[PDB]
Amino acid sequence: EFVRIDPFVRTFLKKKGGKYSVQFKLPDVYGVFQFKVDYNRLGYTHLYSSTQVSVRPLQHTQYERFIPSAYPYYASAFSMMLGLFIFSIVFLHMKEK
Amino acid sequence: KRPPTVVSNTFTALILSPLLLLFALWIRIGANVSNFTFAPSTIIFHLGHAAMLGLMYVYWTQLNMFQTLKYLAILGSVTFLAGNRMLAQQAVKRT
Amino acid sequence: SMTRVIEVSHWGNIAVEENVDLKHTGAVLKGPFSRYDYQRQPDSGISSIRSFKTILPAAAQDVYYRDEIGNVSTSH
Amino acid sequence: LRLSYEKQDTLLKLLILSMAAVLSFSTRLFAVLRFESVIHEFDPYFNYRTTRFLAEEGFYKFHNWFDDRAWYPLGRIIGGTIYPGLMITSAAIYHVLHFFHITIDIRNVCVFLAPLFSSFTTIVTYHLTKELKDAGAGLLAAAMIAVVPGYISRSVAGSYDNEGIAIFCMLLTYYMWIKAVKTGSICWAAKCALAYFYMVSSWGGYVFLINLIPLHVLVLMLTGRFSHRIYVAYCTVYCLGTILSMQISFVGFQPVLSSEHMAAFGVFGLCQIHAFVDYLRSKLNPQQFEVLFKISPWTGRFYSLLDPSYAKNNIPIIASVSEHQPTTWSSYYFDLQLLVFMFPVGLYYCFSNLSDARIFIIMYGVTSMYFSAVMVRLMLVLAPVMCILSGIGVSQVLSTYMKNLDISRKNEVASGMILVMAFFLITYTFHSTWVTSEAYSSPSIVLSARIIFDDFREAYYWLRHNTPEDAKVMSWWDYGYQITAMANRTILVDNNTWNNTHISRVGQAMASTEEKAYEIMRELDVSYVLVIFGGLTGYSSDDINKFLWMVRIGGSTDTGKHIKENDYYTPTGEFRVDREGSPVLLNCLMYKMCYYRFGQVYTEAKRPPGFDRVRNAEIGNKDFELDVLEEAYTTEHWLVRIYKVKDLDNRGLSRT
Amino acid sequence: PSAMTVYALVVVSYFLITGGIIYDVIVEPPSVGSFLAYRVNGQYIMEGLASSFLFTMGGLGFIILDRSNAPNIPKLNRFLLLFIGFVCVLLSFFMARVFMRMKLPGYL
Amino acid sequence: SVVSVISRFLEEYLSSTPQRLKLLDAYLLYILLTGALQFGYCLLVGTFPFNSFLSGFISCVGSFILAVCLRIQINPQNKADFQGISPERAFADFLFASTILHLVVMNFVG
Amino acid sequence: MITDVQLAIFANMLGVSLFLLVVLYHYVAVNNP
Ligand SMILES: *[C@@H]1O[C@H](CO)[C@@H](O[C@@H]2O[C@H](CO)[C@@H](O[C@@H]3O[C@H](CO[C@H]4O[C@H](CO[C@H]5O[C@H](CO)[C@@H](O)[C@H](O)[C@@H]5O)[C@@H](O)[C@H](O[C@H]5O[C@H](CO)[C@@H](O)[C@H](O)[C@@H]5O)[C@@H]4O)[C@@H](O)[C@H](O[C@H]4O[C@H](CO)[C@@H](O)[C@H](O)[C@@H]4O[C@H]4O[C@H](CO)[C@@H](O)[C@H](O)[C@@H]4O)[C@@H]3O)[C@H](O)[C@H]2NC(C)=O)[C@H](O)[C@H]1NC(C)=O
Ligand SMILES: CCCCCCCCCCCCCC(=O)O[C@H](COC(=O)CCCCCCCCCC)COP(=O)(O)OCC[N+](C)(C)C
Ligand SMILES: CCCCCCCCCCCCCC(=O)O[C@H](COC(=O)CCCCCCCCCC)COP(=O)(O)OCC[N+](C)(C)C
Ligand SMILES: CCCCCCCCCCCCCC(=O)O[C@H](COC(=O)CCCCCCCCCC)COP(=O)(O)OCC[N+](C)(C)C
Ligand SMILES: C[C@H]1CC[C@]2(OC1)O[C@H]1[C@H](O)[C@@H]3[C@H]4CC[C@@H]5C[C@H](O[C@H]6O[C@@H](CO)[C@H](O)[C@@H](O)[C@@H]6O)[C@@H](O)C[C@@]5(C)[C@@H]4CC[C@@]3(C)[C@@H]1[C@H]2C
Ligand SMILES: C[C@H]1CC[C@]2(OC1)O[C@H]1[C@H](O)[C@@H]3[C@H]4CC[C@@H]5C[C@H](O[C@H]6O[C@@H](CO)[C@H](O)[C@@H](O)[C@@H]6O)[C@@H](O)C[C@@]5(C)[C@@H]4CC[C@@]3(C)[C@@H]1[C@H]2C
Ligand SMILES: [Mg+2]
């Protein structure tokens, strides 16, 4: 169980090589979380294990960049800059008629 | 949801078009660059200004903000010196 | 772990400061602790400690006895 | 020897400004001189911890920082939830002081940052007032803002809050805007834009500032004094300020989407329309011209300032704070002694010689005065305007009466007036000194009684050294930053109050019986509980006088339908802790807490044993047992009590 | 309004505002008690009206005197004007100081 | 019905305007047209990258405003409203504000 | 360190001197050449 206050994820542990290992993706919600194993079986020793894991949301160096859907905007600003430069070459050095 | 790439490319070409329109209008007026005379201060100013804008572009892809701000500090100081000299010369010639 | 730092200065004097981590080892405490019983019954609390005295080299001038969070106003 | 007029004038200005800055810095540090230098009032401990992080981890790790030690069930992102200006200023000063080896700890820089910025404020005020009129008024305004008690109250040595630097930022922005209106230049407008960006990052009052520039421009329009200079200045400030304000992370898209930044957009559109119409009215003849002739609402902490009834009547967490009530005339006089008697004279001088920058200072004065009348906490932004105007007022009188004198190049009335004015000024100085000394400098971590008992610090230190590294303690939102800064343990609620459901959950846990509250605590995975009692020490602000606010906040959100705040009073409507108390108050978890073994401790001379100093009563339940809690610790004067939440019953018993 | 009517409105507003009107509205006080003995931030309606009157009258005395300085004025009337101004200002100041002392004991 | 006045005004504008001011007005029309096409595209497809739309758009608006302010300061009919802002100083301020604006726009776009 | 009764006296003297000096400056400014 991958739990914050109530279980976000709950999966089975596939027996593989003497270890119970599961590979899964963390959910979208961030915060601190708890891996939890509970084995309550009739006539078996009740075992409980919880490990605490904090989940950082994102970093400003890891957002998606160079979106194709924003090729217009990415273009526009640059054109502006280019425009300015041409102006700064014609507005200064122009001979009146 | 995101639009298809064909539409974005069409709009990018359309955004390039106004620059061409501006150039056509400027050559209709008859604007010339005849007053430029290859004086060292003016050339240094234009070179520094172009380098500053190219640096502004480069910052967007690789450099972070501290490094870019440092580079801008240097290039802007140089462009400021060259521009002060050139603008003094221009004010003298104008009067 | 006690760390003793001795800074020498040829201008005036030399200043020594020591950080002291200290722990009460034997007979760990089980159950609840109650300030009430601790105060109104001098018997209870035998194995605990309340104070200890340091001896300084008779030329000490600026003693301060600071903690990691601020001054401590309990000393004599 | 003889000196020129210019030399003596410059020497006088320099000497006066130096003395004023030294006095401003000197007057701020009274608390540091008394009690040992420590950050106080437990609001700035958060800022202090944040500053330390920025000083030992870097900026890129600080910009995207996730804190897992606060609001444990949820997640708190400190990198984008607060305006970062104060921390950046402190870290920059620290790194500069460390480059040249002047090595000073972060705590000393944080403690003495506010006096330094208060010293800078004097010079900024002098230049601002010099723009208005003759320098003499500038010197007077600087000297008066040096010693004003409100500004010295909200910024004392040892108080590391953002308002201190904020005021200096606001005055710098106002100076840049006045210089842009007078000069009418793009360069000054860009300087104003950068200053406004700094102001946006430093304080939450930037909204305020961006609703005084447009209003002034609109006021100028109505008068008919609009020119090209105002157009250039305001438009240049608007674009750059909007953008620069965007990239502050916490703000986001607030300026273009929210409703607090719509006055600026409206005035910008009106300015464009007006300029174009004026330009079109010149190129065409009069006959031809006459022929031609999803968005967010108010957030709420700003709305309650416009309508001073909403927050007190509806939201039980904003009005819960102490300094949110309207101000009385006695408080007005206490803060400013002679400044009040000079506001009308300054307003009269401004209204007598109307200029392009006077209108702005008048508008600032009026609106700020209203806001000070609608809240105590906003008295701060009133002190800076007053001084300026008061300065002007006083200065004018002097300049009016020091010319009638015969020695200057009936007449004695002017000499009498000069003497009178000097008496007023010196008595204002004495008043300011007394108010600073005896009222405003005080610690909130230590209870001054001369004997001091620092039970708070002792409890936090125990909690720091004698709990497991992952122990979670839950308290009230007031003692949120203080625990993390000193006790250094994972906390549940905090003094941010950005999720009212969580605080309501904690209030329900503190206001219900032991069974339901034990269920809540088990659900939230809490280990230790820290409750301030203050019954022996006589502390008025204990964790029992806030119990009513706990009930009100807890019984509001969709699960405290069984709290019913009207169930903790007596039949006639009283709130007594004695036998006549409500049978649900005397069995509350909060009452079982902070009264354990308190039934048999004498606390007075001619008074029965189970006596409570703060409530002057007699405990209703003298003896009771805690089924679900062990007493982990209790300070020397029973001021802070820490209880360890128990486990489930081993043999699986009930343990109600 | 010609920049004089607006000033009159501002003066009236200032007096009323410094009377703690918002306080009265938000927290209803009884007219006259029984000056709060120990509560700095405490406003009865009558005491506040009186005090704000003192503040406004002091400002009026300053402007009334400041104006007196104007030239080409008859002396018999100007002496009386000067008297009124001095009286108003000194009374306002000394009164307000005394009131604050009486309300908040231990002052200075 | 309102075309004769437009013809007259358009004719007049040309005579009372120098070469530099006409050139500047052409540049200003280019800025306005690029901004209009960008805003129209935004109204057509929507705003998933809202910050990029804001960056690219306010770049246009800011360049437009700086062009208008430069035009106002240069025009000698207003030589009496500035008194010290020479044309060269005006161009200098234009360059400074433009550099700041372009830097912030780059720091805001994706 | 420094007792309060010293800091208060210093602040009072400094402020009074400051205001008196400012009043003097006004005299000097009125009488210009
Ligand atoms: C920041 O942190 C620092 C460090 O923590 C803080 O500094 C500390 O501040 C305290 C103030 O509370 C200082 O305390 C002082 O300690 C001295 C020394 O006392 C010890 O020696 C005494 C000697 O007794 C002799 O005589 C007896 C017989 O009479 C013999 O039996 C003895 O053997 C000796 O020969 C001894 O009597 C003292 O006993 C005390 O302690 C024991 C516990 O061990 C108790 O059981 C006792 O009952 C008793 O309480 C002790 O062993 C004291 O002399 C100081 O007392 C002065 O002040 C008292 C009030 O605070 C007053 O009652 C005393 O009479 C005495 O008064 C003196 O000064 C007055 C003016 O101030 C005069 O009016 C008066 O006449 C007299 O002259 C005091 O208790 C710490 O030393 C100090 N620590 C350091 C390192 O400097 C600092 O405050 C913090 N900053 C803050 C909070 O802002
Ligand atoms: C002496 C005290 C002065 C106080 C000034 C107050 C400044 C407030 C700072 C607010 C912080 C906002 C966060 C921010 O600006 O974003 C940071 C950029 O990180 C930075 O560069 C922070 C440097 C800020 C300095 C900018 C000038 C401030 C001048 C104000 C007077 C992003 O850095 P990067 O990771 O480099 O992002 C660039 C990546 N691209 C690919 C997109 C190019
Ligand atoms: C602009 C770029 C440069 C920026 C410069 C920033 C200037 C910062 C000014 C603050 C200076 C800090 C001085 C200071 O820390 O003093 C305090 C408390 O001790 C005192 O009594 C000091 C109170 C008054 C001293 C004020 C002097 C500051 C002068 C600065 C111009 C000491 O606190 P403690 O932590 O108690 O130090 C004692 C520790 N010992 C072991 C040494 C005993
Ligand atoms: C909740 C808080 C609300 C805050 C409200 C802010 C109140 C602002 C205080 C008033 C500002 C005074 C401005 C001012 O001085 O304008 C005056 C007098 O002329 C006028 O101003 C008349 C116009 C009235 C508009 C006043 C501001 C209204 C703005 C609302 C958007 C100018 O007089 P004029 O006669 O217009 O111009 C001078 C010509 N003379 C020949 C007379 C010299
Ligand atoms: C970290 C510290 C840094 C220092 C400071 O605190 C925080 O932050 C400073 C600000 O930057 C302030 C300055 C702004 C610019 C302003 C320009 C004027 O220059 C005029 O000079 C005339 C003769 O040529 C021309 O004719 C006029 O046009 C031209 O305006 C000058 O008088 C005052 C000045 C310098 C301000 C003084 C106060 C300063 C230094 C503030 C300090 C308190
Ligand atoms: C200094 C500058 C700062 C910026 C600015 O001026 C002053 O002030 C901004 C405003 O905030 C404007 C926005 C408001 C919200 C509005 C929502 C629309 O949502 C559409 O979404 C489509 C998807 O399909 C639907 O089809 C449509 O029906 C639906 O209206 C969106 O398109 C336009 C948008 C974002 C406005 C654009 C112009 C803005 C940014 C203005 C600028 C000019
Ligand atoms: Mg605050």
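Laboratory data are not the source of any read-out in this text; all were calculated from the coordinates shown. Don't worry about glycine lacking a Cβ; one is built from the backbone with ideal geometry, like all the others, and counts go over all protein chains shown.
Tabulated data
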item	result
Eligible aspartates and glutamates near D:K312 by straight Cα distance, threshold 16 Å, same-chain separation 8 or greater	D:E323, E:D24, E:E28
Gyration tensor verdict on the stretch D:272-363 (Cα atoms; rounded if a/c is under 1.5, prolate if a/b is larger than b/c, oblate otherwise)	oblate
Gaussian network model of chain A, springs between alpha carbon atoms under 10 Å - residue of A:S76, A:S49, A:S21 with greatest fluctuation	A:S76
Shape of chain F, Cα gyration tensor, a/c cut at 1.5	oblate
Label-to-label distance, nm, for residues given as E:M4 and D:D647 (7 Å Cα→Cβ offset)	8.8 nm
Label zone at D:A92 (point 7 Å along Cα-to-Cβ), backbone N below 14 Å, the stretch D:99-134	D:117
Nearest-20 debye value, chain D charge dipole, Cβ charges on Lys, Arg, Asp, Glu	1860 debye
Inter-chain Cβ neighbour average for residues D:630-636, partner chain, 10 Å	4
Calculated FRET efficiency for the pair D:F59/D:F253, C-beta based, R₀ 30 Å, to 0.05	0.80
Cα-projected label distance for B:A73 with D:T81, points at 7 Å along beta-carbon direction, nm	3.4 nm
Among the listed pairs D:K61/D:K294; A:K25/D:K61; F:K22/F:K79; D:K403/E:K75; B:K93/F:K22, those beyond 29 Å (Cα-Cα)	D:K61/D:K294
Dipole of the protein assembly as shown, positive end: most advanced residue of B:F45, E:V27, F:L23 [Cβ charges, Cα centre]	F:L23
Principal axes of the protein assembly as shown: Cα extent on each, largest first, Å	107, 100, 76
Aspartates and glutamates with Cα under 16 Å of A:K36, excluding same-chain neighbours fewer than 8 positions away	A:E1, A:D6, D:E523, D:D525
Where only alpha carbons of the stretch D:244-308 are counted, the Rg and the Dmax (Å)	18.8, 53
Charge sum, other residues only, whose C-beta stays under 12 Å from B:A88's C-beta, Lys/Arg counted +1 and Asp/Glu -1	+3
Relative contact order of the stretch D:491-558, pairs being alpha-carbon contacts under 8 Å that are 6 or more residues apart, as %	44 percent
Spin-label proximity, D:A617 to the stretch D:546-580 - amide N less than 17 Å from point 7 Å beyond Cα toward beta carbon	D:546-552, D:565-580
Residue pairs, from the table D:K516/D:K546; A:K19/C:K23; D:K564/D:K646, whose Cα atoms sit over 30 Å apart	A:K19/C:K23
Under 19 Å from the C:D21 label point (7 Å along Cα→beta-carbon), backbone N, the stretch D:461-480	D:461-471
Residue among B:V58, B:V33, B:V78 with the largest mean-square fluctuation in a Gaussian network model of chain B, springs linking Cα atoms under 10 Å	B:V33
Under 27 Å from D:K606, Cα to Cα: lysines that are on another chain or at least 8 residues apart	D:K592, D:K622
Cβ crowding within 10 Å averaged over residues, with D:571-584, D:53-66, D:478-491 ranked highest first	D:478-491, D:53-66, D:571-584
Selected from D:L589, D:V551, D:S355, residue furthest toward positive end of dipole (the protein assembly as shown; charges at beta carbon)	D:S355
Cα gyration tensor shape of chain E, rounded if a/c is under 1.5, else prolate or oblate by comparing a/b with b/c	oblate
Sorted by Cβ density within 10 Å, fewest first, the residues D:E604, D:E631	D:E604, D:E631
Computed magnitude of the charge dipole of chain F (debye, nearest 20; Cβ of K, R +1, Cβ of D, E -1)	60 debye
Packing-based order for C:35-42, D:89-96, D:158-165, using average beta carbon neighbours within 10 Å, highest first	D:158-165, D:89-96, C:35-42
Computed [θ] at 222 nm, helices only, for the protein assembly as shown once each DSSP H run of length n ≥ 4 contributes -39500 (n - 2.57)	-17500 deg cm²/dmol
Peptide-level mean, for E:35-47, of C-beta atoms on other protein chains within 10 Å	3
Charge dipole (debye, nearest 20) of the protein assembly as shown; +1 at Cβ of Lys and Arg, -1 at Cβ of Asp and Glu	2580 debye
FRET efficiency estimate (nearest 0.05) - Cβ-Cβ, A:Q52 to D:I452, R0 30 angstrom	0.15
Peptide A:59-72 - average C-beta neighbours from other chains (10 Å radius)	6
FRET efficiency, C:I49 to A:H60 (Cβ-Cβ, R0 45 Å, nearest 0.05)	0.30
Extreme residue, positive dipole direction of the protein assembly as shown, given options E:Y44, D:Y460, B:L87 (C-beta unit charges)	B:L87
